[PDB]
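Undergrad: Fold the stuff below for me.
(one chain, ligands or ions: 1)
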Amino acid sequence: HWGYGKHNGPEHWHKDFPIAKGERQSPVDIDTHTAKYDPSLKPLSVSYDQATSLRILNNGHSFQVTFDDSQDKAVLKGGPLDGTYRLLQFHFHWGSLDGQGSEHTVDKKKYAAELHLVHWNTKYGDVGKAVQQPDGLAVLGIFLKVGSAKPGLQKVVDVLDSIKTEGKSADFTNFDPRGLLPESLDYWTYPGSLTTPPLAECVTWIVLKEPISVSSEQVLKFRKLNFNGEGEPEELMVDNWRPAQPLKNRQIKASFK
Ligand SMILES: [Zn+2]
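TA: Numbers count the residues shown, from 1 in each chain. See below for the structure:
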């Protein structure tokens, strides 16, 4: 099975998922001087007030918080998007040290972690159908740097003890994802892919320019999770990030000058 180790990591994934060498793979380096300000880009609309979180789960490659996506409760609209995208889950990528962990980079700079809020286009009816469409998903990416604590993250951090190993889940209701967002919704956008297998090329990426700050104690909690299941040799869930992929025939657009 795929993972992030020497023998099953990102350099291996193309064997089971040949699209790994495709024309619109993610993540990418965001060269801030080459990204073009697009005045026609609209402001992002993040409507999370009615979000209904359900569970938190260790899926063996990250931990994710899942939401009720059976109605338009928490949706992403506007920005570069046509139509309405429902929030399904969020998860993180992080490092073993504070100088690595993000998937996207900014002028080659790596952040300590990266939050992905995953939304799917409601015109395709279900997320399984959406991942087979070039505009099926919209992922909101938010960088994490280490500094001051993020109060809105603490509820997540405090439950990680209970989902240490692959396959464990817990109730995680009434979690408000608005508490994870930075002040500014200024963003970069480009067409890409899932950054985990099956690496489907169905994602409009929206990467916020402003990172959030989390504390060292908070990120330390991430690094105590485990890739392995209960009872197997302990392998810390760290460095669960895919490196930057070739930009190829793509332009990154900026909503801001
Ligand atoms: Zn991700």
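Undergrad: Next, the contact list for the residue nearest to residue 106 when sequence neighbours are not counted, please.
TA: Distance criterion CB to CB, 6 or more residues apart in numbering; nearest residue to residue 106, sequence neighbours excluded, is residue 30 at 5.1 Å. C-beta: built from backbone N, CA, C; applies to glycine. With contacts defined as CB atoms under 8 Å, 6 or more residues apart in numbering, the neighbours of residue 30 are 104, 105, 106, 107, 188, 207, 252.
Undergrad: could I get those as a markdown table with neighbour count?
TA: Output for the contacts of residue 30, formatted as a markdown table (neighbours: other CB atoms under 10 Å):
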| residue | neighbour count |
| --- | --- |
| 104 | 26 |
| 105 | 19 |
| 106 | 18 |
| 107 | 10 |
| 188 | 24 |
| 207 | 26 |
| 252 | 21 |
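Undergrad: Show me the two of these that sit farthest apart.
TA: 107 and 207 (13.0 Å; CB to CB).
Undergrad: So which residues of the stretch 51-200 of the chain form helices?
TA: 127-130, 154-159 (DSSP state H, counting those that start in this stretch).
Undergrad: can you list those helices in CSV and add distance to residue 166 and mean neighbour count?
TA: Listed next are those as CSV, based on distance: least, CB to CB, whole Å; neighbours: other CB atoms under 10 Å:
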stretch, distance to residue 166, mean neighbour count
helix 127-130, 22, 16
helix 154-159, 16, 17
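Undergrad: could I get those as JSON lines with distance to residue 118?
TA: Formatted as JSON lines, the helices of the stretch 51-200 of the chain follow (distance: least, CB to CB, whole Å):
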{"stretch": "helix 127-130", "distance to residue 118": "9"}
{"stretch": "helix 154-159", "distance to residue 118": "16"}
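Undergrad: can you tell which of those is closest to residue 180?
TA: By CB to CB (comparing all of these), the closest turns out to be helix 154-159, at 8.5 Å.
Undergrad: what's the burial count for residue 60?
TA: 18 (other CB atoms under 10 Å).
Undergrad: Skip the chain neighbours and tell me the closest residue to it.
TA: Nearest non-adjacent residue to residue 60, counting by CB to CB, 6+ apart: residue 166, 3.8 Å away.
Undergrad: for the one you found, what are its contacts?
TA: Residue 166 touches 58, 59, 60, 226, 227, 228, 229, counting by CB under 8 Å, 6+ apart.
Undergrad: Quick one, which of these are buried?
TA: 58, 60, 226, 227 (16 or more other CB atoms under 10 Å).
Undergrad: roughly how far out does the helix or strand residue 15 falls within sit from the chain middle?
TA: Under the criterion of DSSP states H and E, residue 15 resides in helix 13-16. When distances are taken as CA atoms, centre = their mean, to the nearest Å, helix 13-16 is centred 21 Å away from the chain's centroid.
Undergrad: repeat for stretch 64-71
TA: So, by CA atoms, centre = their mean, the centroid of stretch 64-71 is 15 Å from its chain's centroid.
Undergrad: In it, which residues are buried?
TA: Quick answer for stretch 64-71 (16+ other CB under 10 Å): 64, 65, 66, 67, 68, 69.
Undergrad: Cheers, nothing more for now.
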